[PDB]
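here is my input, please return the structure:
(2 chains)
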Amino acid sequence: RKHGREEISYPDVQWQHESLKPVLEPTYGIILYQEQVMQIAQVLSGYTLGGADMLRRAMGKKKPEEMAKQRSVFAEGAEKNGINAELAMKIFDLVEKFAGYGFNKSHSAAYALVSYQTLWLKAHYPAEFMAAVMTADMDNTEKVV
Amino acid sequence: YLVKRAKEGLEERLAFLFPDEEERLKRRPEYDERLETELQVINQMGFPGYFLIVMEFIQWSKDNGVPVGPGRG
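Numbers count the residues shown, from 1 in each chain, chains lettered A, B, ... in the order given. Now the structure:
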């Protein structure tokens, strides 16, 4: 979807809504993150921040009763924002599927910033840094090689 | 004390991130509103001592020679 081999949807061909575009823009309409689960409940269905976090938590546990209630609140919440009910529910099914794999973006990002810093350094002054890389694995002959 | 050092810490960041003052004004409201929304939950949950310990600790180790890793949960 990044390189034009498939049409980009926000998030699915059928089950998409244009209000999800600013949330899903950076990932080409793919629901990748814990935080996207929560932004979809904010934007699509008008959740509070704290109720949004409670939905993502309930998606981790995957319990029977749990969902059943939120499933209803999320239906009439979308209805109240004029977004189609069947679309809202069928998107909820996709959110729930991808929530199982969903990684913590904020945790990934804090660390990814440090990767970018080591990347920039290596590109702009990549001798000292390499020396440091060697020091990190100094005792290992195999790694040094 | 927390509210103060956070609003004023945000003022440093804002001038570093958006050193054009015209843009800082137009981009600013979102941050102030987010700041106070978070500030409300932190204070009403009753953790201000905790946040103070940690912020001081983090700052001191930057001033002196302790690089801190990305991790923060």
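
contacting residues around whichever residue of chain B sits closest to chain A?
Closest residue of chain B to chain A, CB to the nearest CB: residue B:70 (4.2 Å). Every residue, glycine included, has its C-beta placed from N, CA and C. Counting by CB atoms under 8 Å, 6 or more residues apart in numbering or on different chains, residue B:70 makes contact with A:110, A:111, A:113, A:114.

name the nearest residue to the residue most central in space within chain A, sequence neighbours excluded.
When CA atoms, centre = their mean is applied to chain A, the residue found nearest the centroid is residue A:33 (1.4 Å). Leaving aside its sequence neighbours, residue A:33 sits nearest to residue A:105 (CB to CB, 6 or more residues apart in numbering or on different chains; 4.0 Å).

which residues in chain B form helices?
Along chain B, counting by DSSP state H, helices occupy B:2-17, B:21-27, B:29-45, B:48-63.

assumed residue A:95 was part of a strand.
No - assessed with DSSP: H, G, I helix; E, B strand; the rest coil, residue A:95 is helix; it does not lie in a strand.

hmm, it is touching residue A:32, no?
No - with contact defined as CB atoms under 8 Å, residue A:95 does not count as touching residue A:32 (11.6 Å).

so which of those two has more stuff around it?
The residue with more neighbours, out of residue A:95 and residue A:32, is residue A:95; 23 against 17, by other CB atoms under 10 Å in any protein chain shown.

mind putting the helices of chain B into CSV with mean neighbour count and distance to residue A:67?
Shown next, in CSV, are the helices of chain B (neighbours: other CB atoms under 10 Å in any protein chain shown; distance: least, CB to CB, whole Å):
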stretch, mean neighbour count, distance to residue A:67
helix B:2-17, 12, 37
helix B:21-27, 11, 39
helix B:29-45, 12, 26
helix B:48-63, 12, 34
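
so which of those helices is nearest residue A:10?
helix B:29-45 (22.6 Å; CB to CB).

re the thing from before, dump the residue contacts of the residue nearest to residue A:33.
By CB under 8 Å, 6+ apart, the contact set of residue A:105 is A:32, A:33, A:34, A:35, A:36.

and for residue A:69?
By CB under 8 Å, 6+ apart, the contact set of residue A:69 is empty.

got the residues of chain A near chain B?
Residues of chain A lying near chain B by CB under 8 Å from any CB of the partner chain: A:49, A:107, A:110, A:111, A:113, A:114.

can I get the helices of chain B in a markdown table including distance to chain A?
Putting the helices of chain B into a markdown table (distance: least, CB to the nearest CB, whole Å) gives the following:
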| stretch | distance to chain A |
| --- | --- |
| helix B:2-17 | 14 |
| helix B:21-27 | 16 |
| helix B:29-45 | 8 |
| helix B:48-63 | 13 |
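
for residue A:132, find the nearest of those helices.
Closest approach to residue A:132 among these (CB to CB): helix B:48-63, 19.5 Å.

who does that closest one touch, helix- and strand-wise?
helix B:2-17 (3 or more CB pairs under 8 Å, 6 or more residues apart in numbering or on different chains; DSSP states H and E).

ok, now with 10 Å
If contacts are counted by 3 or more CB pairs under 10 Å, 6 or more residues apart in numbering or on different chains; DSSP states H and E, helix B:48-63 sits against helix B:2-17, helix B:29-45.

give the contact list for residue 3.
Answering for chain A, as no chain was given. Going by CB atoms under 10 Å, 6 or more residues apart in numbering or on different chains, residue A:3 touches residue A:28.

that's the wrong chain, I wanted chain B
Taking CB under 10 Å, 6+ apart, we find residue B:3 in contact with B:35, B:36, B:39, B:42, B:43, B:48.

many thanks, I have nothing further to ask.
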